[PDB]
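Source file: work.cif. Holds: mmCIF, C-alpha atoms and all ligand atoms.
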data_upload
#
loop_
_atom_site.label_atom_id
_atom_site.label_comp_id
_atom_site.auth_asym_id
_atom_site.auth_seq_id
_atom_site.Cartn_x
_atom_site.Cartn_y
_atom_site.Cartn_z
CA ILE A 1 -8.40 1.51 -7.72
CA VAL A 2 -11.32 0.08 -9.81
CA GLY A 3 -14.84 0.83 -8.70
CA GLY A 4 -13.78 3.37 -6.10
CA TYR A 5 -14.31 7.07 -5.41
CA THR A 6 -12.30 10.24 -5.42
CA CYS A 7 -10.97 10.45 -1.84
CA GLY A 8 -10.89 14.22 -1.64
CA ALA A 9 -7.59 16.13 -1.34
CA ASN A 10 -5.44 15.15 1.74
CA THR A 11 -8.16 13.03 3.19
CA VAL A 12 -5.73 10.05 3.46
CA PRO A 13 -2.75 11.90 4.86
CA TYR A 14 -0.51 8.87 5.46
CA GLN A 15 -0.75 7.96 1.68
CA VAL A 16 2.51 8.62 -0.09
CA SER A 17 3.49 8.27 -3.73
CA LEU A 18 6.84 6.71 -4.59
CA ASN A 19 8.35 8.57 -7.54
CA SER A 20 11.39 7.64 -9.71
CA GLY A 21 10.77 10.34 -12.38
CA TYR A 22 7.07 9.27 -12.32
CA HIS A 23 4.63 7.64 -9.84
CA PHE A 24 5.22 3.93 -9.61
CA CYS A 25 3.86 2.62 -6.22
CA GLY A 26 2.14 3.79 -3.08
CA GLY A 27 3.34 3.61 0.51
CA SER A 28 2.30 4.55 4.02
CA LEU A 29 3.97 6.97 6.35
CA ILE A 30 4.41 5.21 9.72
CA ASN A 31 6.44 7.96 11.45
CA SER A 32 8.14 11.11 10.41
CA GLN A 33 11.16 9.36 8.93
CA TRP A 34 9.81 6.00 7.70
CA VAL A 35 7.49 4.68 5.05
CA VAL A 36 6.27 1.12 4.62
CA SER A 37 5.62 -0.18 1.06
CA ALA A 38 5.71 -3.53 -0.90
CA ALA A 39 9.10 -5.24 -1.46
CA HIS A 40 7.98 -5.71 -5.12
CA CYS A 41 8.06 -1.89 -5.38
CA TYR A 42 11.81 -1.84 -4.65
CA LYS A 43 14.02 0.31 -6.84
CA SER A 44 17.15 2.46 -6.17
CA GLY A 45 16.68 6.29 -6.24
CA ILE A 46 13.18 6.61 -4.81
CA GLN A 47 11.76 10.05 -3.97
CA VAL A 48 8.86 9.93 -1.46
CA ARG A 49 6.07 12.38 -2.19
CA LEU A 50 3.91 13.22 0.78
CA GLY A 51 0.80 15.51 0.96
CA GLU A 52 -0.13 14.65 -2.66
CA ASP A 53 -3.56 14.75 -4.12
CA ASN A 54 -3.17 15.38 -7.84
CA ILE A 55 0.19 13.75 -8.55
CA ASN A 56 0.54 15.77 -11.85
CA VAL A 57 0.03 19.27 -10.34
CA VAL A 58 1.82 21.07 -7.52
CA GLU A 59 -1.12 22.06 -5.26
CA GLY A 60 0.89 23.51 -2.37
CA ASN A 61 0.85 20.86 0.38
CA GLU A 62 3.43 18.41 -0.95
CA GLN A 63 6.73 17.41 0.54
CA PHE A 64 9.30 15.66 -1.73
CA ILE A 65 11.99 13.84 0.22
CA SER A 66 14.52 11.42 -1.21
CA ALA A 67 14.93 7.96 0.43
CA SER A 68 18.26 7.43 2.29
CA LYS A 69 17.84 3.66 2.52
CA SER A 70 15.55 0.84 1.51
CA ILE A 71 15.19 -2.33 3.47
CA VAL A 72 13.45 -5.28 1.84
CA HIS A 73 12.18 -7.93 4.20
CA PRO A 74 14.79 -10.63 4.84
CA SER A 75 12.46 -13.37 3.64
CA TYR A 76 10.95 -11.63 0.66
CA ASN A 77 10.44 -14.18 -2.13
CA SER A 78 9.81 -12.52 -5.49
CA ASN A 79 8.62 -15.86 -6.98
CA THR A 80 5.69 -16.17 -4.61
CA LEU A 81 5.45 -12.57 -3.25
CA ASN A 82 5.66 -14.07 0.25
CA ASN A 83 6.82 -11.28 2.74
CA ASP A 84 6.04 -8.50 0.24
CA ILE A 85 7.07 -5.66 2.53
CA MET A 86 9.78 -3.13 2.66
CA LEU A 87 10.85 -0.15 4.72
CA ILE A 88 12.00 3.18 3.27
CA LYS A 89 13.86 5.78 5.43
CA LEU A 90 13.54 9.44 4.44
CA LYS A 91 16.74 11.48 4.07
CA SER A 92 15.14 14.14 6.31
CA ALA A 93 12.05 13.94 8.54
CA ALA A 94 8.68 14.86 7.05
CA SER A 95 6.94 17.91 8.52
CA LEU A 96 3.91 16.43 10.15
CA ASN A 97 0.70 18.41 9.72
CA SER A 98 -2.97 17.94 8.91
CA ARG A 99 -2.22 16.71 5.38
CA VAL A 100 0.96 14.77 6.18
CA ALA A 101 0.30 12.28 8.97
CA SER A 102 1.37 8.84 10.13
CA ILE A 103 -0.83 5.74 10.33
CA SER A 104 -0.59 3.48 13.39
CA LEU A 105 0.69 -0.08 13.17
CA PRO A 106 -1.70 -2.90 14.16
CA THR A 107 -1.37 -4.88 17.35
CA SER A 108 -3.24 -8.11 16.35
CA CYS A 109 -4.47 -9.09 13.10
CA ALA A 110 -7.92 -7.98 11.97
CA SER A 111 -10.99 -10.24 11.72
CA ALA A 112 -12.79 -11.41 8.54
CA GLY A 113 -15.50 -8.84 7.57
CA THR A 114 -13.69 -5.84 9.10
CA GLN A 115 -14.13 -2.74 6.85
CA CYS A 116 -10.96 -1.21 5.43
CA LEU A 117 -10.00 1.76 3.32
CA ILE A 118 -7.65 1.02 0.34
CA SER A 119 -6.22 3.95 -1.61
CA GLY A 120 -3.89 4.77 -4.49
CA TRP A 121 -3.24 6.24 -7.96
CA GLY A 122 -3.48 2.97 -9.83
CA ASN A 123 -5.43 1.93 -12.87
CA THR A 124 -9.22 2.58 -12.55
CA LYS A 125 -10.17 0.23 -15.42
CA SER A 126 -10.84 -3.55 -14.96
CA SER A 127 -10.55 -3.95 -18.74
CA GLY A 128 -8.49 -1.21 -20.32
CA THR A 129 -6.12 1.36 -18.87
CA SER A 130 -6.78 4.74 -17.33
CA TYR A 131 -4.68 6.30 -14.60
CA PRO A 132 -6.22 8.95 -12.38
CA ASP A 133 -4.40 12.05 -11.40
CA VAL A 134 -6.08 12.41 -7.98
CA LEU A 135 -6.07 9.83 -5.12
CA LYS A 136 -8.86 7.21 -5.33
CA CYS A 137 -10.35 5.28 -2.42
CA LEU A 138 -12.22 2.02 -1.88
CA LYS A 139 -14.01 0.62 1.13
CA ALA A 140 -13.55 -3.10 1.19
CA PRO A 141 -13.94 -5.81 3.76
CA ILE A 142 -11.36 -8.42 4.80
CA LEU A 143 -12.50 -11.72 3.27
CA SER A 144 -12.32 -15.05 5.18
CA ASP A 145 -9.00 -16.90 4.90
CA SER A 146 -10.94 -19.79 3.45
CA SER A 147 -12.49 -17.77 0.58
CA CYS A 148 -9.05 -16.13 -0.09
CA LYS A 149 -7.27 -19.48 -0.33
CA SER A 150 -10.19 -20.91 -2.41
CA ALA A 151 -9.80 -17.98 -4.82
CA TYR A 152 -6.02 -18.61 -5.26
CA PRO A 153 -5.33 -22.30 -4.44
CA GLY A 154 -1.77 -23.04 -3.55
CA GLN A 155 -0.70 -19.36 -3.43
CA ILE A 156 -1.91 -17.70 -0.27
CA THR A 157 0.45 -17.80 2.64
CA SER A 158 -0.03 -16.91 6.36
CA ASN A 159 1.46 -13.50 5.48
CA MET A 160 -1.30 -12.59 2.97
CA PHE A 161 -5.02 -11.81 3.23
CA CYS A 162 -7.70 -10.94 0.68
CA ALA A 163 -9.97 -7.95 0.82
CA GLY A 164 -12.67 -6.95 -1.61
CA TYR A 165 -15.69 -8.37 -3.36
CA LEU A 166 -16.00 -11.82 -4.70
CA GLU A 167 -18.60 -10.55 -7.16
CA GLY A 168 -15.88 -8.21 -8.57
CA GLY A 169 -16.30 -4.68 -9.99
CA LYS A 170 -14.30 -3.12 -6.86
CA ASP A 171 -10.53 -3.79 -6.26
CA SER A 172 -7.08 -2.34 -6.14
CA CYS A 173 -5.07 -2.49 -9.41
CA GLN A 174 -1.72 -1.82 -10.98
CA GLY A 175 0.08 1.26 -9.62
CA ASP A 176 -1.81 0.89 -6.28
CA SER A 177 0.95 -1.55 -5.18
CA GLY A 178 2.68 -0.81 -1.90
CA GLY A 179 -0.17 1.48 -0.72
CA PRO A 180 -2.25 1.17 2.41
CA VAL A 181 -5.14 -1.01 3.61
CA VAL A 182 -6.28 0.71 6.86
CA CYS A 183 -8.88 -0.98 9.09
CA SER A 184 -10.12 0.49 12.36
CA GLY A 185 -7.35 3.13 12.30
CA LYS A 186 -4.57 0.50 11.88
CA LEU A 187 -2.36 -0.26 8.85
CA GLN A 188 -3.45 -3.88 8.31
CA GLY A 189 -2.46 -4.38 4.65
CA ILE A 190 -0.10 -3.36 1.87
CA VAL A 191 -1.35 -3.62 -1.73
CA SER A 192 0.44 -6.69 -3.04
CA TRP A 193 -0.98 -8.73 -5.87
CA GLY A 194 -3.94 -10.43 -7.60
CA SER A 195 -5.20 -11.92 -10.84
CA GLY A 196 -6.38 -8.89 -12.98
CA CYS A 197 -8.45 -6.32 -11.18
CA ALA A 198 -12.06 -6.41 -10.05
CA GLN A 199 -12.60 -9.88 -11.75
CA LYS A 200 -15.16 -12.27 -10.28
CA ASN A 201 -13.64 -14.54 -7.56
CA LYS A 202 -10.24 -12.82 -7.80
CA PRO A 203 -10.04 -10.34 -4.97
CA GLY A 204 -7.01 -8.24 -4.16
CA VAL A 205 -4.19 -9.92 -2.09
CA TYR A 206 -2.53 -7.86 0.67
CA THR A 207 0.61 -8.23 2.81
CA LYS A 208 -0.57 -9.05 6.32
CA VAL A 209 1.17 -6.24 8.21
CA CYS A 210 0.22 -7.63 11.70
CA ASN A 211 2.78 -10.42 11.13
CA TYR A 212 5.55 -7.87 10.70
CA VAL A 213 5.18 -5.42 13.57
CA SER A 214 8.13 -6.74 15.57
CA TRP A 215 10.36 -6.68 12.46
CA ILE A 216 9.18 -3.19 11.57
CA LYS A 217 9.79 -1.81 15.08
CA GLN A 218 13.15 -3.52 15.52
CA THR A 219 14.37 -2.51 12.08
CA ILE A 220 13.38 1.12 12.48
CA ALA A 221 14.87 1.29 15.94
CA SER A 222 18.18 -0.05 14.58
CA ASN A 223 18.42 2.11 11.51
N1 LIG B 1 -6.27 -6.40 -8.18
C1 LIG B 1 -5.18 -6.42 -7.16
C2 LIG B 1 -3.93 -5.80 -7.72
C3 LIG B 1 -3.26 -4.92 -6.92
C4 LIG B 1 -2.09 -4.32 -7.33
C5 LIG B 1 -1.61 -4.61 -8.58
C6 LIG B 1 -2.28 -5.47 -9.43
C7 LIG B 1 -3.43 -6.09 -8.99
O1 LIG B 1 -4.15 -7.04 -9.77
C8 LIG B 1 -3.26 -7.83 -10.56
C9 LIG B 1 -3.18 -7.12 -11.91
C10 LIG B 1 -2.75 -5.68 -11.68
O2 LIG B 1 -1.69 -5.67 -10.69
CA CA B 2 0.54 17.41 -6.39
#

When written as structure tokens, how does the structure in this file appear?
Amino acid sequence: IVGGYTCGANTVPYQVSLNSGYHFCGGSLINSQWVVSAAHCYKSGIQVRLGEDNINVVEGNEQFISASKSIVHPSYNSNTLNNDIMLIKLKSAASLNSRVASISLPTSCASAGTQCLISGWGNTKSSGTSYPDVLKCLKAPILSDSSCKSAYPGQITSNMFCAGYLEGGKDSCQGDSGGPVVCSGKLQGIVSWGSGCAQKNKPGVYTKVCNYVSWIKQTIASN
């Protein structure tokens, strides 16, 4: 997250870190046995780390649980990042508590200008690299579909939305991928892609989770 703040330990209790020997993407806990992340985050051998704040120090509220299965959306297209969503099942259920909590799925898509919270352990530099050890947060509004599609002509699909600041400064960035965009208590977005971070007229692009609720519920219920 560029231009954001330190969240505060366990303040975003549905944020998980996906680890494969190191942090590589975020995700969101949607019930005790399932996480939703970006399909572009797929790899074999994922460990889900829940209850993290500093991802480099055991602080005493973590749960580390290996994935038993990954399910990439059936229409994920890695060339265009259309349908950039995946499901991850945990080998054993997470222990739900104040610091390890699920985030509700949306029932309709959210309006332009709705305020959202975006979080993750990604790069905090818009030019340069610096990775934070503690979870960072950003409040960002959903941008109109028209200003999203003007920002990235030819590349925004009905399954994507932009959130951020056209002026720049304040955006998600590398290593935030797969993590949550929560709006009015609902998981509305998954960190997906963009052009650099925090550049003028290049806001973050997010997987539009409201389009996927039936797939998410049917897939979980069948697996
Ligand atoms: N700024 C949105 C954004 C979000 C996640 C990863 C990114 C990214 O920007 C593209 C360059 C870094 O990869
Ligand atoms: Ca930790």

Quick check, in Å to one decimal: how far apart do CA of residue 155 in chain A and CA of residue 191 in chain A lie?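 Distance between the two atoms: 15.8 Å.
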
List as CSV every residue of chain A that is in contact with ligand LIG 1 (chain B), defined as an atom at most 7 Å from one of its atoms (using only C-alpha atoms and all ligand atoms), together with the nearest atom pair and the distance in Å rounded to one decimal, sorted by chain and then rising number.
residue,atom,partner,partner_atom,distance
A:171,CA,B:LIG1,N1,5.4
A:172,CA,B:LIG1,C1,4.6
A:173,CA,B:LIG1,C2,3.9
A:174,CA,B:LIG1,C5,3.7
A:175,CA,B:LIG1,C5,6.2
A:176,CA,B:LIG1,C4,5.3
A:177,CA,B:LIG1,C4,4.6
A:191,CA,B:LIG1,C3,5.7
A:192,CA,B:LIG1,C4,5.5
A:193,CA,B:LIG1,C2,4.6
A:194,CA,B:LIG1,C8,4.0
A:195,CA,B:LIG1,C8,4.5
A:196,CA,B:LIG1,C9,3.8
A:197,CA,B:LIG1,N1,3.7
A:198,CA,B:LIG1,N1,6.1
A:203,CA,B:LIG1,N1,6.3
A:204,CA,B:LIG1,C1,4.0
A:205,CA,B:LIG1,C1,6.2

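Distances here use all atoms listed in the file; by that measure, the residue among A:21, A:106, A:26, A:45 closest to residue 179 in chain A is A:26.
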
Which protein, DNA or RNA residues have an atom within 10 Å of ligand CA 2 (chain B), counting all atoms listed in the file, as number ranges by chain? A: 9, 17, 49-63, 133-134

Using all atoms listed in the file, tabulate the residues of range 156-201 of chain A lying at most 12 Å from any atom of range 213-220 of chain A, each with its closest atom pair and that distance in Å to one decimal, by chain and increasing residue number, as a tab-separated table.
residue	atom	partner	partner_atom	distance
A:186	CA	A:213	CA	11.5
A:187	CA	A:213	CA	10.3
A:188	CA	A:213	CA	10.2
A:189	CA	A:213	CA	11.8

Please, what distance in Å, to one decimal, runs between CA of residue 68 in chain A and CA of residue 190 in chain A? 21.3 Å

Option closest in space to residue 84 in chain A, from A:223, A:47, A:207, A:107 [counting only C-alpha atoms]: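 Checking each of A:223, A:47, A:207, A:107 against residue 84 in chain A, counting only C-alpha atoms, the winner is A:207.
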
What gap, in Å, lies between CA of residue 96 in chain A and CA of residue 212 in chain A?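 CA of residue 212 in chain A lies at a distance of 24.4 Å from CA of residue 96 in chain A.
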
Quick one: residues within 7 Å of (-14.8, 8.0, -3.8) (file frame), counting all atoms listed in the file, please, as an MDAnalysis selection string. chainID A and resid 4:7 136:138

Given only C-alpha atoms as the counted atoms, nearest of A:135, A:41, A:105, A:166 to residue 209 in chain A: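 Using only C-alpha atoms, the shortest distance to residue 209 in chain A belongs to A:105.
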
For a quick check of understanding, using all atoms listed in the file, which of A:131, A:64, A:165, A:152 has the smallest distance to residue 24 in chain A? A:131

Residue nearest residue 83 in chain A - candidates A:19, A:158, A:199, A:127, atoms counted: only C-alpha atoms: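 Closest residue, counting only C-alpha atoms: A:158.
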
Looking at A:44, A:28, A:184, A:70, which one is nearest to residue 113 in chain A, with distances taken over only C-alpha atoms?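 When distances to residue 113 in chain A are compared using only C-alpha atoms, the smallest one comes from A:184.
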
Provide an axis-aligned box for all listed atoms of range 101-112 of chain A, padding each side by 8 Å; report its centre and its edge lengths in Å to one decimal, as JSON.
{"center_x": -5.7, "center_y": 0.4, "center_z": 12.9, "size_x": 30.2, "size_y": 39.7, "size_z": 24.8}

Quick one: everything within 12 Å of residue 143 in chain A, counting all atoms listed in the file, minus sequence neighbours fewer than 3 positions away in the same chain. Send it as a PyMOL selection string. chain A and resi 110-116+140+146-151+160-166+201-206

Contacts of residue 89 in chain A within 7 Å, all atoms listed in the file, excl. fewer than 2 positions in-chain, as a list in words: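 Counting only the stated atoms, we get residues 33, 34, 35, 67, 68, 69, 70, 87 and 91 of chain A.
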